[PDB]
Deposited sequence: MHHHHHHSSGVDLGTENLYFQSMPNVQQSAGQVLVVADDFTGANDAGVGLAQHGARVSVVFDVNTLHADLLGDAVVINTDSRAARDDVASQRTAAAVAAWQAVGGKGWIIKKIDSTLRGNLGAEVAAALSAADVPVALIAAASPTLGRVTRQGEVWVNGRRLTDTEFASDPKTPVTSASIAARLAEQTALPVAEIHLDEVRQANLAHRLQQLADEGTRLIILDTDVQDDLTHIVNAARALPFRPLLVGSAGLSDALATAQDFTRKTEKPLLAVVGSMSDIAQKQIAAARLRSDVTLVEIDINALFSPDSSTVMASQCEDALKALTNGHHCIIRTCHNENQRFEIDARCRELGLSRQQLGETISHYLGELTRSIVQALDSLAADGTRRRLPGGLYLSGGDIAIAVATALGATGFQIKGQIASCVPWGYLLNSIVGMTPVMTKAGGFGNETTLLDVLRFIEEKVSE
């Protein structure tokens, strides 16, 4: 379940860390492997060997040492050796060291970052329409690149046997069988074409179907694909409590988009069940439902499905007050205007100090004199925004 990233510079290390963090991981860059310990392993560790311009033997020793340090404290899961997408650096020395340390039959080298314009075709890196050696990245002034061929570049520093798998063969359903075959034959480095991100997904899927964990070697593209495949559980410490009484079409869209997420829980309030005498019992249950969501790190969205609107606004005001007294949350989002004022009033607020706005239509700030203290509060008028407005509020609370 754990990931080790070994990068040869600052930017590679950051890009890896950011990708893992965006996909739910607890991730840190550790400056000296001698501060590595077991509690730092979950979910990902990133080490910068700062070896892009170093001697090949130093680059190799540092890469090997990073892997061994992670293993020594109980690291087990996936190791990715991050390389320059434009093939600068001590590629062969570092890949060989990482593979030796990993002690598995093969490394999968899938270097492409398609969304950044780097692809691999017949074993060679192309950048925006040209082979790598036909671009500026091959023009020094620290690490000149003398070949677009990944094999040729590796061969400058390691004689490990290699094999290329070009794009049509990559895309076959039986890729994992082909990888195993190459491993069985004594191939050590397998270099894979890639044109789009789906190719890297497929490659990681094949990697995961092997009876061992191969070393992974790539740039941002492979790192992103690995991060996705880990399926990290998204958990925010102080999540949003959202109370939505708008029946408008755009609110359904906004909520649906949030609903797609695995860290979002809906509590649905039936309007019809508001007039039965068990309404109190049912409210207590909705309240309990909200608590469980928030205490387990899920954003919680409460939503409904003349005097009607008023009975509804009062009830949600009452439920929200109930939830606050039972408790978190990291923020409170209220929509539309009727809900906002009913809920704020129910929380004893005398006003709303506005600090700014989110997503061009969600005022945010703090309620004054209310039982939620300095909890950020957000509002939105009915009908406003687009499909991702609630997603934008979620991100705001997560970053808090």
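Missing C-alpha coordinates mark the following deposited-sequence intervals, in order: 1-30, 336-355, 378-388, 462-464.
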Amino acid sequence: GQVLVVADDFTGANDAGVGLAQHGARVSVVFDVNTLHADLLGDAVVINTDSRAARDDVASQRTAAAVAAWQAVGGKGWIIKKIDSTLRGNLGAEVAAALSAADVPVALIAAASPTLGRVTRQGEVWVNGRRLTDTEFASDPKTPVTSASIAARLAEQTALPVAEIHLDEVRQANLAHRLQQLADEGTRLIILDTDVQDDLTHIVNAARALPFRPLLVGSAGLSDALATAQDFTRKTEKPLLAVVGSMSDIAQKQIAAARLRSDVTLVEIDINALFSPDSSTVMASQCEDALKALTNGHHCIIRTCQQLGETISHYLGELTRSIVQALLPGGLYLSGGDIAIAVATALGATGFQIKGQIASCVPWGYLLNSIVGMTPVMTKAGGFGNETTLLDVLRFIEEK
From here on, numbers count along this sequence of modelled residues.
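Of the two segments examined, 371-379 and 43-51, it is 371-379 that shows the higher average Cα temperature factor in the deposited entry. Mean CA temperature factor is higher for 138-146 when stretches 181-189 and 138-146 are set side by side in the entry. Highest C-alpha temperature factor among 106, 165, 257, 132 per the entry: 257.
Residue-level inspection of the entry shows that, of 74, 123, 214, 309, 309 has the top Cα B-factor. Remark: residue 202 belongs to the middle third of its chain, ranked by C-alpha B-factor as recorded. Remark: residue 117 belongs to the middle third of its chain, ranked by C-alpha B-factor as recorded. When the modelled residues of the chain are ordered by their C-alpha B factor, residue 161 lands in the middle third. Remark: residue 314 belongs to the highest third of its chain, ranked by C-alpha B-factor as recorded.
Among the modelled residues of its chain, residue 292 has a C-alpha B-factor that falls in the highest third according to the deposited record.
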